[PDB]
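Asker: Got a structure here, written out as structure tokens. Questions coming.
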Amino acid sequence: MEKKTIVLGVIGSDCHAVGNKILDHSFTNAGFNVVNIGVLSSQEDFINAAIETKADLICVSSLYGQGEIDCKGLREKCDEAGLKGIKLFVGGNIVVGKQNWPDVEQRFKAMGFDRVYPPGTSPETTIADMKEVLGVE
């Protein structure tokens, strides 16, 4: 929970990475470690490196630009009950929704250990990245 490990990346077509947008600065604001992959959706590949670095949380810079891979990727990592990564502050993740998610995160509402930053947030919300996840939920 206070593990120094933040694996960040993804994003689709949007300049380059307006998510990169120093969410890694929040690393510093968490006294955590950096595990920037890039703009890939390395599931089972960075899951092998999630044992390595010991990914505490995952920060996606995409509102579904990772598929059902990253969706039931970390949910499967919970359901793994071996790989630690039950904290997923998934930036963007599904547009036109906040709290009230469709049938998709209806089942992942029950899980709902993953929060999302609504489209139109700020890096001010990333100060709140590791403020809530490290604090209490």
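Per the header of the entry, the method used was solution NMR.
For all residues, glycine too, the Cβ spot is worked out from N, Cα and C.
Relevant sequence annotations retrieved from Swiss-Prot are reproduced here:
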- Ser13, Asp14, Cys15, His16, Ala17, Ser61, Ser62, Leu63, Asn93, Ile94, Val95, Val96, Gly97: adenosylcob(III)alamin binding site (BINDING)
- 3-137: domain 'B12-binding' (DOMAIN)
Asker: State the count of C-beta atoms found within 10 angstroms of the C-beta of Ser62 (adenosylcob(III)alamin binding site), not counting that atom itself.
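Answerer: Within a 10 Å radius of the Cβ of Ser62 (adenosylcob(III)alamin binding site) lie 21 other Cβ atoms.
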Asker: Under 8 Å Cβ-Cβ from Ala17 (adenosylcob(III)alamin binding site), six or more apart in the same chain: what's there?
Answerer: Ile11, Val39, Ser61
Asker: How far apart, in Å, are the two Cα atoms that lie farthest from each other among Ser13, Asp14, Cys15, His16, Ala17, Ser61, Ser62, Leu63, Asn93, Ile94, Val95, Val96, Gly97, the residues recorded as binding adenosylcob(III)alamin?
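Answerer: Binding-site diameter by Cα atoms for adenosylcob(III)alamin: 24 Å.
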Asker: Taking helix as H, G and I and strand as E and B in DSSP, count the residues of the domain 'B12-binding' (3-137) in helix, strand and coil.
Answerer: 31 helix, 25 strand, 79 coil
Asker: Counting every protein chain present, what is the number of Cβ atoms, excluding its own, within 10 Å of the Cβ of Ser13 (adenosylcob(III)alamin binding site)?
Answerer: 6
